[PDB]
file data_4.csv (CSV, C-alpha atoms)
chain,number,residue,atom,x,y,z
A,1,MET,CA,17.7,-15.0,3.8
A,2,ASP,CA,18.6,-12.8,0.8
A,3,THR,CA,17.8,-9.4,2.3
A,4,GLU,CA,20.5,-8.2,0.1
A,5,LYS,CA,18.4,-8.6,-3.0
A,6,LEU,CA,15.4,-7.6,-1.0
A,7,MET,CA,17.0,-4.3,-0.4
A,8,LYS,CA,17.2,-3.7,-4.1
A,9,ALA,CA,13.5,-4.1,-4.1
A,10,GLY,CA,13.3,-1.0,-1.9
A,11,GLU,CA,16.1,0.8,-3.8
A,12,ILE,CA,14.2,0.6,-7.1
A,13,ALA,CA,11.1,1.2,-5.0
A,14,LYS,CA,12.9,4.4,-4.0
A,15,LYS,CA,14.0,5.3,-7.5
A,16,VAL,CA,10.4,5.2,-8.4
A,17,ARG,CA,9.3,6.8,-5.2
A,18,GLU,CA,11.4,9.9,-5.8
A,19,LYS,CA,10.4,10.1,-9.4
A,20,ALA,CA,6.7,9.3,-8.9
A,21,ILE,CA,6.9,12.2,-6.4
A,22,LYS,CA,7.8,14.9,-8.8
A,23,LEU,CA,5.1,14.5,-11.3
A,24,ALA,CA,2.5,14.9,-8.6
A,25,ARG,CA,1.5,18.2,-10.1
A,26,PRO,CA,-1.9,19.5,-11.0
A,27,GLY,CA,-2.6,18.5,-14.6
A,28,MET,CA,-1.4,15.0,-13.7
A,29,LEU,CA,-4.2,12.8,-14.4
A,30,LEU,CA,-3.8,10.0,-12.0
A,31,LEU,CA,-4.3,7.4,-14.7
A,32,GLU,CA,-1.4,8.5,-16.8
A,33,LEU,CA,0.3,9.5,-13.6
A,34,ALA,CA,0.1,6.0,-12.2
A,35,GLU,CA,0.9,4.2,-15.4
A,36,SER,CA,3.9,6.4,-15.6
A,37,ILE,CA,5.2,5.2,-12.3
A,38,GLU,CA,4.2,1.6,-12.8
A,39,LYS,CA,6.2,0.9,-16.0
A,40,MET,CA,8.9,3.2,-14.7
A,41,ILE,CA,9.2,0.5,-12.1
A,42,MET,CA,9.1,-2.0,-15.0
A,43,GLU,CA,12.0,0.1,-16.3
A,44,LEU,CA,14.4,-1.5,-13.9
A,45,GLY,CA,12.6,-4.8,-14.2
A,46,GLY,CA,11.3,-4.3,-10.7
A,47,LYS,CA,8.4,-6.6,-10.3
A,48,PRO,CA,5.5,-4.7,-8.7
A,49,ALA,CA,3.8,-6.2,-5.6
A,50,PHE,CA,0.5,-4.5,-6.0
A,51,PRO,CA,-0.6,-1.5,-7.8
A,52,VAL,CA,0.5,2.0,-7.2
A,53,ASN,CA,-1.7,3.7,-4.7
A,54,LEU,CA,-3.1,7.1,-5.1
A,55,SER,CA,-5.7,7.4,-2.4
A,56,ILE,CA,-5.9,11.1,-1.6
A,57,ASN,CA,-7.5,13.7,0.7
A,58,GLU,CA,-9.9,11.5,2.7
A,59,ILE,CA,-9.6,8.2,1.1
A,60,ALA,CA,-7.2,6.0,3.0
A,61,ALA,CA,-5.9,3.6,0.4
A,62,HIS,CA,-6.7,1.0,-2.2
A,63,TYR,CA,-7.1,3.2,-5.2
A,64,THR,CA,-5.2,2.7,-8.4
A,65,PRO,CA,-6.9,4.0,-11.5
A,66,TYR,CA,-8.6,2.1,-14.3
A,67,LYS,CA,-8.8,3.4,-17.8
A,68,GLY,CA,-11.7,5.6,-18.1
A,69,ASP,CA,-10.6,7.5,-15.0
A,70,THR,CA,-9.4,11.1,-15.2
A,71,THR,CA,-8.9,12.9,-11.9
A,72,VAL,CA,-6.1,15.4,-12.5
A,73,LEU,CA,-4.8,16.6,-9.2
A,74,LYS,CA,-5.7,20.0,-7.9
A,75,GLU,CA,-3.1,21.9,-5.9
A,76,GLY,CA,-2.8,21.1,-2.2
A,77,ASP,CA,-4.6,17.8,-3.1
A,78,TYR,CA,-3.2,15.8,-0.2
A,79,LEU,CA,-2.1,13.1,-2.6
A,80,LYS,CA,-1.0,9.7,-1.5
A,81,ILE,CA,1.5,7.8,-3.5
A,82,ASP,CA,2.3,4.2,-2.3
A,83,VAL,CA,4.8,2.1,-4.2
A,84,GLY,CA,5.1,-1.6,-4.0
A,85,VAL,CA,7.5,-3.9,-5.7
A,86,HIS,CA,9.3,-7.0,-4.9
A,87,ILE,CA,11.6,-9.3,-6.7
A,88,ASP,CA,10.6,-12.9,-6.7
A,89,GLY,CA,8.8,-12.7,-3.4
A,90,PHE,CA,11.2,-10.2,-1.9
A,91,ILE,CA,8.9,-7.3,-1.5
A,92,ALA,CA,9.3,-3.6,-0.7
A,93,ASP,CA,6.7,-1.0,0.3
A,94,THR,CA,7.2,2.8,0.7
A,95,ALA,CA,4.6,5.5,0.8
A,96,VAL,CA,4.4,9.3,0.9
A,97,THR,CA,1.7,11.8,1.5
A,98,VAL,CA,2.1,14.7,-1.0
A,99,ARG,CA,0.5,18.0,-0.8
A,100,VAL,CA,0.2,18.6,-4.5
A,101,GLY,CA,2.2,21.6,-5.7
A,102,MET,CA,2.5,22.9,-2.2
A,103,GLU,CA,4.4,22.5,1.1
A,104,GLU,CA,5.0,19.9,3.8
A,105,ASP,CA,2.2,21.0,6.1
A,106,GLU,CA,2.0,20.1,9.7
A,107,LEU,CA,0.0,17.0,8.9
A,108,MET,CA,2.8,15.7,6.6
A,109,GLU,CA,5.5,16.3,9.3
A,110,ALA,CA,3.5,14.2,11.8
A,111,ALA,CA,3.2,11.0,9.8
A,112,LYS,CA,6.8,11.4,8.7
A,113,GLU,CA,7.9,12.0,12.3
A,114,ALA,CA,5.8,9.0,13.2
A,115,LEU,CA,7.8,6.8,10.9
A,116,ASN,CA,11.0,8.3,12.2
A,117,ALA,CA,10.2,7.6,15.7
A,118,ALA,CA,9.3,4.0,15.2
A,119,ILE,CA,12.6,3.5,13.4
A,120,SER,CA,14.5,5.2,16.1
A,121,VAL,CA,12.9,2.9,18.6
A,122,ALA,CA,13.0,0.1,16.1
A,123,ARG,CA,15.5,-2.7,17.1
A,124,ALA,CA,15.2,-6.5,17.1
A,125,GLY,CA,14.1,-7.6,20.4
A,126,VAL,CA,11.2,-5.2,21.1
A,127,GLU,CA,7.5,-5.3,21.9
A,128,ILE,CA,5.7,-4.0,18.9
A,129,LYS,CA,3.4,-1.9,21.0
A,130,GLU,CA,6.4,0.2,21.9
A,131,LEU,CA,6.6,1.2,18.3
A,132,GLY,CA,2.8,1.5,18.5
A,133,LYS,CA,3.2,4.0,21.3
A,134,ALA,CA,5.9,6.1,19.8
A,135,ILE,CA,3.7,6.6,16.9
A,136,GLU,CA,0.5,7.8,18.6
A,137,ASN,CA,2.6,10.2,20.6
A,138,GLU,CA,4.0,11.9,17.6
A,139,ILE,CA,0.5,12.3,16.4
A,140,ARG,CA,-1.1,13.5,19.7
A,141,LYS,CA,2.1,15.6,19.8
A,142,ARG,CA,1.3,17.5,16.7
A,143,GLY,CA,-2.3,17.0,17.9
A,144,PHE,CA,-3.9,14.9,15.2
A,145,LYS,CA,-5.8,11.8,14.4
A,146,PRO,CA,-4.0,8.5,13.8
A,147,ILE,CA,-6.0,5.8,12.2
A,148,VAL,CA,-7.0,2.9,14.4
A,149,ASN,CA,-7.6,0.0,12.0
A,150,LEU,CA,-5.3,0.9,9.2
A,151,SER,CA,-1.8,0.1,10.3
A,152,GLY,CA,1.6,-1.2,9.2
A,153,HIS,CA,2.3,-4.9,8.7
A,154,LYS,CA,4.8,-7.7,8.7
A,155,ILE,CA,5.5,-9.1,5.3
A,156,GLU,CA,7.1,-12.3,4.1
A,157,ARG,CA,8.2,-13.6,0.8
A,158,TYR,CA,5.4,-13.2,-1.7
A,159,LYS,CA,3.0,-12.1,1.1
A,160,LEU,CA,1.8,-8.6,1.5
A,161,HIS,CA,0.0,-8.5,4.8
A,162,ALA,CA,1.9,-11.6,5.9
A,163,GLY,CA,1.0,-10.7,9.4
A,164,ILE,CA,1.7,-8.7,12.5
A,165,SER,CA,0.0,-5.3,12.2
A,166,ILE,CA,2.3,-2.6,13.6
A,167,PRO,CA,-0.7,-0.5,14.7
A,168,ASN,CA,-0.5,3.3,14.7
A,169,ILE,CA,-1.2,2.8,18.5
A,170,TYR,CA,0.1,1.3,21.7
A,171,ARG,CA,-2.2,-1.6,22.0
A,172,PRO,CA,-0.9,-3.4,25.2
A,173,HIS,CA,-1.4,-6.7,23.5
A,174,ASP,CA,1.2,-6.2,20.8
A,175,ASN,CA,3.6,-7.9,23.2
A,176,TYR,CA,5.5,-9.3,20.2
A,177,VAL,CA,9.2,-9.5,19.7
A,178,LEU,CA,10.9,-8.1,16.6
A,179,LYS,CA,13.9,-10.2,15.7
A,180,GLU,CA,16.7,-10.6,13.1
A,181,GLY,CA,14.8,-11.3,9.9
A,182,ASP,CA,11.5,-10.0,11.0
A,183,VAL,CA,10.7,-7.4,8.4
A,184,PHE,CA,8.0,-4.9,8.5
A,185,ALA,CA,6.6,-2.0,6.6
A,186,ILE,CA,5.7,0.8,9.0
A,187,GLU,CA,2.6,2.5,7.5
A,188,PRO,CA,1.7,5.5,9.6
A,189,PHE,CA,-1.6,7.1,8.7
A,190,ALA,CA,-3.2,10.1,10.4
A,191,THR,CA,-6.0,12.5,9.8
A,192,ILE,CA,-8.2,14.9,11.7
A,193,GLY,CA,-11.5,13.1,11.3
A,194,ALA,CA,-12.1,10.9,14.4
A,195,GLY,CA,-9.8,8.0,13.6
A,196,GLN,CA,-11.2,5.3,11.5
A,197,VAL,CA,-11.4,4.3,7.9
A,198,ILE,CA,-14.1,2.6,6.1
A,199,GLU,CA,-14.7,0.1,3.2
A,200,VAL,CA,-15.8,2.1,0.1
A,201,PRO,CA,-17.3,1.3,-3.4
A,202,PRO,CA,-15.7,0.7,-6.0
A,203,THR,CA,-13.1,-1.9,-5.8
A,204,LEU,CA,-10.5,-1.7,-8.5
A,205,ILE,CA,-8.2,-4.2,-6.9
A,206,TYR,CA,-8.7,-7.8,-6.2
A,207,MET,CA,-6.4,-10.7,-5.6
A,208,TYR,CA,-6.5,-14.5,-6.0
A,209,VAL,CA,-7.3,-16.5,-2.9
A,210,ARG,CA,-8.2,-20.1,-3.9
A,211,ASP,CA,-9.2,-22.3,-6.7
A,212,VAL,CA,-12.9,-23.0,-6.7
A,213,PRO,CA,-13.7,-25.0,-9.8
A,214,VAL,CA,-15.7,-22.6,-11.8
A,215,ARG,CA,-18.8,-23.2,-13.9
A,216,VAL,CA,-18.9,-20.2,-16.1
A,217,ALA,CA,-16.6,-20.5,-19.2
A,218,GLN,CA,-14.1,-17.6,-19.4
A,219,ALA,CA,-14.3,-17.2,-15.6
A,220,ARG,CA,-12.1,-20.3,-15.2
A,221,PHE,CA,-10.1,-18.8,-17.9
A,222,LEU,CA,-9.8,-15.6,-16.1
A,223,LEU,CA,-8.9,-17.1,-12.7
A,224,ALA,CA,-6.6,-19.4,-14.6
A,225,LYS,CA,-4.9,-16.4,-16.4
A,226,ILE,CA,-5.0,-14.4,-13.3
A,227,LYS,CA,-3.4,-17.3,-11.5
A,228,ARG,CA,-0.7,-17.7,-14.1
A,229,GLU,CA,0.5,-14.1,-14.4
A,230,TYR,CA,-0.2,-12.8,-10.9
A,231,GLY,CA,-0.6,-15.3,-8.2
A,232,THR,CA,-0.9,-14.1,-4.7
A,233,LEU,CA,-0.2,-10.3,-5.1
A,234,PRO,CA,-3.0,-7.9,-6.2
A,235,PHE,CA,-4.0,-6.1,-9.4
A,236,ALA,CA,-6.5,-3.7,-10.8
A,237,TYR,CA,-9.5,-3.6,-13.2
A,238,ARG,CA,-7.1,-1.6,-15.2
A,239,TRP,CA,-4.7,-4.6,-15.3
A,240,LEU,CA,-7.3,-6.7,-17.0
A,241,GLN,CA,-9.2,-3.9,-18.8
A,242,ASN,CA,-7.2,-4.6,-22.0
A,243,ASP,CA,-8.4,-8.2,-22.2
A,244,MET,CA,-12.1,-8.5,-23.2
A,245,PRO,CA,-15.5,-6.7,-23.8
A,246,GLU,CA,-15.6,-4.5,-20.7
A,247,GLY,CA,-18.7,-5.4,-18.8
A,248,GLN,CA,-18.4,-9.0,-19.7
A,249,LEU,CA,-15.1,-8.7,-17.8
A,250,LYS,CA,-16.1,-7.0,-14.7
A,251,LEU,CA,-18.9,-9.4,-14.6
A,252,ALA,CA,-16.5,-12.2,-15.0
A,253,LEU,CA,-14.2,-12.0,-12.1
A,254,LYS,CA,-17.2,-10.6,-10.2
A,255,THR,CA,-18.7,-14.1,-10.6
A,256,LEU,CA,-15.3,-15.3,-9.7
A,257,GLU,CA,-15.4,-13.1,-6.7
A,258,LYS,CA,-18.4,-14.7,-5.1
A,259,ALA,CA,-17.4,-18.2,-5.8
A,260,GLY,CA,-14.5,-17.1,-3.7
A,261,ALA,CA,-11.5,-17.5,-6.0
A,262,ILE,CA,-10.5,-13.9,-5.3
A,263,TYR,CA,-11.1,-11.0,-2.9
A,264,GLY,CA,-11.7,-7.4,-3.8
A,265,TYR,CA,-10.3,-4.6,-1.7
A,266,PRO,CA,-12.7,-1.7,-2.1
A,267,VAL,CA,-11.4,1.6,-0.9
A,268,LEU,CA,-11.0,3.0,2.5
A,269,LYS,CA,-12.3,6.4,3.3
A,270,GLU,CA,-11.3,8.4,6.3
A,271,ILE,CA,-14.6,7.7,8.1
A,272,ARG,CA,-15.3,11.4,8.1
A,273,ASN,CA,-13.3,12.9,5.3
A,274,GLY,CA,-10.3,13.6,7.5
A,275,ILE,CA,-7.2,14.2,5.6
A,276,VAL,CA,-5.6,10.9,5.1
A,277,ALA,CA,-2.0,11.6,6.2
A,278,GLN,CA,0.0,8.5,5.3
A,279,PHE,CA,3.7,7.5,5.3
A,280,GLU,CA,5.4,4.2,4.8
A,281,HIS,CA,8.8,2.4,5.0
A,282,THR,CA,9.9,-1.2,5.2
A,283,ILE,CA,12.7,-2.4,7.3
A,284,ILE,CA,14.2,-5.4,8.9
A,285,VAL,CA,15.1,-5.7,12.5
A,286,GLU,CA,18.5,-7.2,13.3
A,287,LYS,CA,19.6,-6.1,16.7
A,288,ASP,CA,20.8,-2.6,17.9
A,289,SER,CA,19.6,-1.4,14.6
A,290,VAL,CA,17.4,-2.1,11.6
A,291,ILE,CA,17.5,-1.0,8.0
A,292,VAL,CA,15.4,1.0,5.6
A,293,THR,CA,15.2,-0.8,2.3
A,294,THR,CA,13.2,2.3,1.3
A,295,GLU,CA,15.8,4.8,2.6

call {"tool": "encode", "arguments": {"input": "data_4.csv", "output": "structure tokens"}}
result
Amino acid sequence: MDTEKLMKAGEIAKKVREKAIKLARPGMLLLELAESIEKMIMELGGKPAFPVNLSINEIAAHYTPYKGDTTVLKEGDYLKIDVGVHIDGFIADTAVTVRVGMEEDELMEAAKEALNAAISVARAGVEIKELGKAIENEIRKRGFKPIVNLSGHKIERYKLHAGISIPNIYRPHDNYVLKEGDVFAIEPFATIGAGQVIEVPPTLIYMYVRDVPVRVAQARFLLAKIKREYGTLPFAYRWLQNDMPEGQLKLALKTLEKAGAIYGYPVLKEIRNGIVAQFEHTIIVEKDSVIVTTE
């Protein structure tokens, strides 16, 4: 495997990471904000893997803007920036919780420590759950609320949640062995609000899933065009918003939705508005160590 190249995926992913970071300042209208990042990734020719996430405050994830959006950050807005890019399949995912204009509060430390821990413990030839453990402990340590459902994942070429969910918990069933080539993105999310996250309207991101011969004209055309340019990875309403008469469009893939050619990730919301702490890094287990493609 060409982990070598893969790494680049994270390096750019970093380059963006770092930059995307400083720009997270009140007055930064997510829309512009995002875009900024996105094509900045494009600047290196880094192929994105999904759109730039900006869930913040109590919304877990799955929020990239669409044009028509505004939302300029307010200070302390516990912003979440999640970057994803790959290079012909070879993915990369790194995420940061950002307290807008302010400091690394205790919440921030936690999730970051979390990551840390898992890495420390991280070594090919381990039971996932041991990571899982590490994690919770760093959160019960700082006394907080991890998120149950929303956890890290194994990835494969061209496949985001290609599998094995490194939970932010020691689930005594994650008796799975990490090995040389196994590669995961450890996504530690925390909060204060109970511990879950929920599906939430709207959905700005969808992704192809299967060809179901369509009946409505430009629908076929959409899933066809969607197919062409995107394939398996996700995209936003924003991504298509520059392609037709607005409603006609939503409607379109919406029709496409139900037929089943694509799925649409809504948003997740910290079940009870708990501050969505969130930090992410992708690695690869090898043996005694592992490596951070997203430094």

call {"tool": "residues_around", "arguments": {"input": "data_4.csv", "residues": "stretch 195-204 of chain A", "least_positions_apart": "4", "cutoff": "8 Å", "atoms": "only C-alpha atoms", "output": "list in words"}}
result
residues 60, 62, 63, 64, 65, 66, 145, 146, 147, 148, 149, 150, 190, 191, 235, 236, 237, 238, 264, 265, 266, 267, 268, 269, 270 and 271 of chain A

call {"tool": "write_last_selection", "arguments": {"input": "data_4.csv", "atoms": "C-alpha atoms", "output": "CSV table (one decimal), in the frame of the given file"}}
result
chain,number,residue,atom,x,y,z
A,60,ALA,CA,-7.2,6.0,3.0
A,62,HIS,CA,-6.7,1.0,-2.2
A,63,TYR,CA,-7.1,3.2,-5.2
A,64,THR,CA,-5.2,2.7,-8.4
A,65,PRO,CA,-6.9,4.0,-11.5
A,66,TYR,CA,-8.6,2.1,-14.3
A,145,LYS,CA,-5.8,11.8,14.4
A,146,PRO,CA,-4.0,8.5,13.8
A,147,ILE,CA,-6.0,5.8,12.2
A,148,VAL,CA,-7.0,2.9,14.4
A,149,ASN,CA,-7.6,0.0,12.0
A,150,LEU,CA,-5.3,0.9,9.2
A,190,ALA,CA,-3.2,10.1,10.4
A,191,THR,CA,-6.0,12.5,9.8
A,235,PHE,CA,-4.0,-6.1,-9.4
A,236,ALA,CA,-6.5,-3.7,-10.8
A,237,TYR,CA,-9.5,-3.6,-13.2
A,238,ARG,CA,-7.1,-1.6,-15.2
A,264,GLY,CA,-11.7,-7.4,-3.8
A,265,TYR,CA,-10.3,-4.6,-1.7
A,266,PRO,CA,-12.7,-1.7,-2.1
A,267,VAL,CA,-11.4,1.6,-0.9
A,268,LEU,CA,-11.0,3.0,2.5
A,269,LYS,CA,-12.3,6.4,3.3
A,270,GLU,CA,-11.3,8.4,6.3
A,271,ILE,CA,-14.6,7.7,8.1

call {"tool": "atom_distance", "arguments": {"input": "data_4.csv", "atom1": "atom CA of residue A:188", "atom2": "atom CA of residue A:2"}}
result
26.4 Å

call {"tool": "atom_distance", "arguments": {"input": "data_4.csv", "atom1": "atom CA of residue A:116", "atom2": "atom CA of residue A:132"}}
result
12.4 Å

call {"tool": "closest_residue", "arguments": {"input": "data_4.csv", "among": "A:275, A:219, A:212, A:240", "to": "residue A:254", "atoms": "all atoms listed in the file"}}
result
A:219

call {"tool": "closest_residue", "arguments": {"input": "data_4.csv", "among": "A:153, A:142, A:258, A:215", "to": "residue A:109", "atoms": "only C-alpha atoms"}}
result
A:142

call {"tool": "atom_distance", "arguments": {"input": "data_4.csv", "atom1": "atom CA of residue A:105", "atom2": "atom CA of residue A:170"}}
result
25.2 Å

call {"tool": "residues_near_point", "arguments": {"input": "data_4.csv", "point": "(0.7, 11.2, 6.6)", "cutoff": "7 Å", "atoms": "all atoms listed in the file", "output": "compact mmCIF listing (two decimals) with C-alpha atoms, keeping the file's coordinate frame"}}
result
# COMPACT_ATOMS: atom_id res chain seq x y z
CA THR A 97 1.70 11.80 1.50
CA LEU A 107 0.00 17.00 8.90
CA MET A 108 2.80 15.70 6.60
CA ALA A 110 3.50 14.20 11.80
CA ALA A 111 3.20 11.00 9.80
CA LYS A 112 6.80 11.40 8.70
CA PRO A 188 1.70 5.50 9.60
CA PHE A 189 -1.60 7.10 8.70
CA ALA A 190 -3.20 10.10 10.40
CA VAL A 276 -5.60 10.90 5.10
CA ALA A 277 -2.00 11.60 6.20
CA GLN A 278 0.00 8.50 5.30
CA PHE A 279 3.70 7.50 5.30

call {"tool": "closest_residue", "arguments": {"input": "data_4.csv", "among": "A:256, A:48, A:28, A:38", "to": "residue A:73", "atoms": "only C-alpha atoms"}}
result
A:28

call {"tool": "residues_around", "arguments": {"input": "data_4.csv", "residues": "residue A:83", "least_positions_apart": "4", "cutoff": "7 Å", "atoms": "only C-alpha atoms", "output": "list in words"}}
result
residues 13, 17, 52, 53, 93, 94 and 95 of chain A

call {"tool": "closest_residue", "arguments": {"input": "data_4.csv", "among": "A:294, A:232, A:168, A:70", "to": "residue A:89", "atoms": "all atoms listed in the file"}}
result
A:232

call {"tool": "residues_around", "arguments": {"input": "data_4.csv", "residues": "residue A:262", "least_positions_apart": "5", "cutoff": "12 Å", "atoms": "all atoms listed in the file", "output": "list in words"}}
result
residues 205, 206, 207, 208, 209, 210, 211, 212, 219, 220, 222, 223, 224, 226, 227, 230, 231, 232, 233, 234, 235, 252, 253, 254, 255, 256 and 257 of chain A

call {"tool": "write_last_selection", "arguments": {"input": "data_4.csv", "atoms": "C-alpha atoms", "output": "compact mmCIF listing (two decimals), in the coordinates of the input"}}
result
# COMPACT_ATOMS: atom_id res chain seq x y z
CA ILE A 205 -8.20 -4.20 -6.90
CA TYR A 206 -8.70 -7.80 -6.20
CA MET A 207 -6.40 -10.70 -5.60
CA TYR A 208 -6.50 -14.50 -6.00
CA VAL A 209 -7.30 -16.50 -2.90
CA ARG A 210 -8.20 -20.10 -3.90
CA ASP A 211 -9.20 -22.30 -6.70
CA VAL A 212 -12.90 -23.00 -6.70
CA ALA A 219 -14.30 -17.20 -15.60
CA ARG A 220 -12.10 -20.30 -15.20
CA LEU A 222 -9.80 -15.60 -16.10
CA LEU A 223 -8.90 -17.10 -12.70
CA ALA A 224 -6.60 -19.40 -14.60
CA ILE A 226 -5.00 -14.40 -13.30
CA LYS A 227 -3.40 -17.30 -11.50
CA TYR A 230 -0.20 -12.80 -10.90
CA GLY A 231 -0.60 -15.30 -8.20
CA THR A 232 -0.90 -14.10 -4.70
CA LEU A 233 -0.20 -10.30 -5.10
CA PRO A 234 -3.00 -7.90 -6.20
CA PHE A 235 -4.00 -6.10 -9.40
CA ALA A 252 -16.50 -12.20 -15.00
CA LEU A 253 -14.20 -12.00 -12.10
CA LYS A 254 -17.20 -10.60 -10.20
CA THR A 255 -18.70 -14.10 -10.60
CA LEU A 256 -15.30 -15.30 -9.70
CA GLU A 257 -15.40 -13.10 -6.70

call {"tool": "closest_residue", "arguments": {"input": "data_4.csv", "among": "A:143, A:194, A:20, A:165", "to": "residue A:272", "atoms": "only C-alpha atoms"}}
result
A:194

call {"tool": "closest_residue", "arguments": {"input": "data_4.csv", "among": "A:144, A:263, A:90, A:221", "to": "residue A:282", "atoms": "all atoms listed in the file"}}
result
A:90

call {"tool": "residues_around", "arguments": {"input": "data_4.csv", "residues": "residue A:19", "least_positions_apart": "6", "cutoff": "12 Å", "atoms": "all atoms listed in the file", "output": "list in words"}}
result
residues 12, 13, 33, 34, 36, 37, 38, 40, 41, 81, 83 and 96 of chain A

call {"tool": "closest_atom_pairs", "arguments": {"input": "data_4.csv", "of": "stretch 38-73 of chain A", "to": "stretch 156-162 of chain A", "cutoff": "12 Å", "atoms": "all atoms listed in the file", "output": "CSV"}}
result
residue,atom,partner,partner_atom,distance
A:47,CA,A:158,CA,11.2
A:48,CA,A:158,CA,11.0
A:49,CA,A:160,CA,7.8
A:50,CA,A:160,CA,8.6
A:51,CA,A:160,CA,11.9

call {"tool": "decode", "arguments": {"input": "data_4.csv", "residues": "stretch 16-57 of chain A", "atoms": "C-alpha atoms", "output": "PDB file, in the first residue's frame"}}
result
ATOM      1  CA  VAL A  16      -5.409  23.481   5.390  1.00  0.00           C
ATOM      2  CA  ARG A  17      -6.056  22.499   8.992  1.00  0.00           C
ATOM      3  CA  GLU A  18      -3.630  25.109  10.324  1.00  0.00           C
ATOM      4  CA  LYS A  19      -4.845  27.779   7.965  1.00  0.00           C
ATOM      5  CA  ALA A  20      -8.574  27.022   8.298  1.00  0.00           C
ATOM      6  CA  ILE A  21      -7.855  27.481  11.975  1.00  0.00           C
ATOM      7  CA  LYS A  22      -6.734  31.026  11.921  1.00  0.00           C
ATOM      8  CA  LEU A  23      -9.600  32.549  10.092  1.00  0.00           C
ATOM      9  CA  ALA A  24     -11.996  31.186  12.654  1.00  0.00           C
ATOM     10  CA  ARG A  25     -12.637  34.685  13.954  1.00  0.00           C
ATOM     11  CA  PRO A  26     -15.991  36.443  14.503  1.00  0.00           C
ATOM     12  CA  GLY A  27     -16.936  38.140  11.279  1.00  0.00           C
ATOM     13  CA  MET A  28     -16.100  34.969   9.482  1.00  0.00           C
ATOM     14  CA  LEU A  29     -19.250  33.948   7.761  1.00  0.00           C
ATOM     15  CA  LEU A  30     -19.039  30.177   7.667  1.00  0.00           C
ATOM     16  CA  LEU A  31     -19.982  30.190   4.034  1.00  0.00           C
ATOM     17  CA  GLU A  32     -17.048  32.267   2.831  1.00  0.00           C
ATOM     18  CA  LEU A  33     -15.051  30.752   5.633  1.00  0.00           C
ATOM     19  CA  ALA A  34     -15.635  27.213   4.401  1.00  0.00           C
ATOM     20  CA  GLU A  35     -15.185  27.958   0.719  1.00  0.00           C
ATOM     21  CA  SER A  36     -11.966  29.614   1.659  1.00  0.00           C
ATOM     22  CA  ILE A  37     -10.708  26.419   3.140  1.00  0.00           C
ATOM     23  CA  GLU A  38     -12.131  24.175   0.460  1.00  0.00           C
ATOM     24  CA  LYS A  39     -10.398  25.720  -2.500  1.00  0.00           C
ATOM     25  CA  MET A  40      -7.358  26.309  -0.385  1.00  0.00           C
ATOM     26  CA  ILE A  41      -7.247  22.537  -0.292  1.00  0.00           C
ATOM     27  CA  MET A  42      -7.790  22.739  -4.032  1.00  0.00           C
ATOM     28  CA  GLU A  43      -4.765  25.022  -3.998  1.00  0.00           C
ATOM     29  CA  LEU A  44      -2.462  22.054  -3.582  1.00  0.00           C
ATOM     30  CA  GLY A  45      -4.634  19.922  -5.786  1.00  0.00           C
ATOM     31  CA  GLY A  46      -5.755  18.074  -2.718  1.00  0.00           C
ATOM     32  CA  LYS A  47      -8.892  16.234  -3.593  1.00  0.00           C
ATOM     33  CA  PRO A  48     -11.423  16.669  -0.820  1.00  0.00           C
ATOM     34  CA  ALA A  49     -13.113  13.564   0.576  1.00  0.00           C
ATOM     35  CA  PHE A  50     -16.227  15.237   1.851  1.00  0.00           C
ATOM     36  CA  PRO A  51     -17.077  18.762   2.645  1.00  0.00           C
ATOM     37  CA  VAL A  52     -15.500  20.884   5.302  1.00  0.00           C
ATOM     38  CA  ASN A  53     -17.373  20.529   8.548  1.00  0.00           C
ATOM     39  CA  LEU A  54     -18.401  23.405  10.687  1.00  0.00           C
ATOM     40  CA  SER A  55     -20.778  21.957  13.208  1.00  0.00           C
ATOM     41  CA  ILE A  56     -20.469  24.110  16.308  1.00  0.00           C
ATOM     42  CA  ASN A  57     -21.655  24.601  19.881  1.00  0.00           C
TER      43      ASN A  57
END
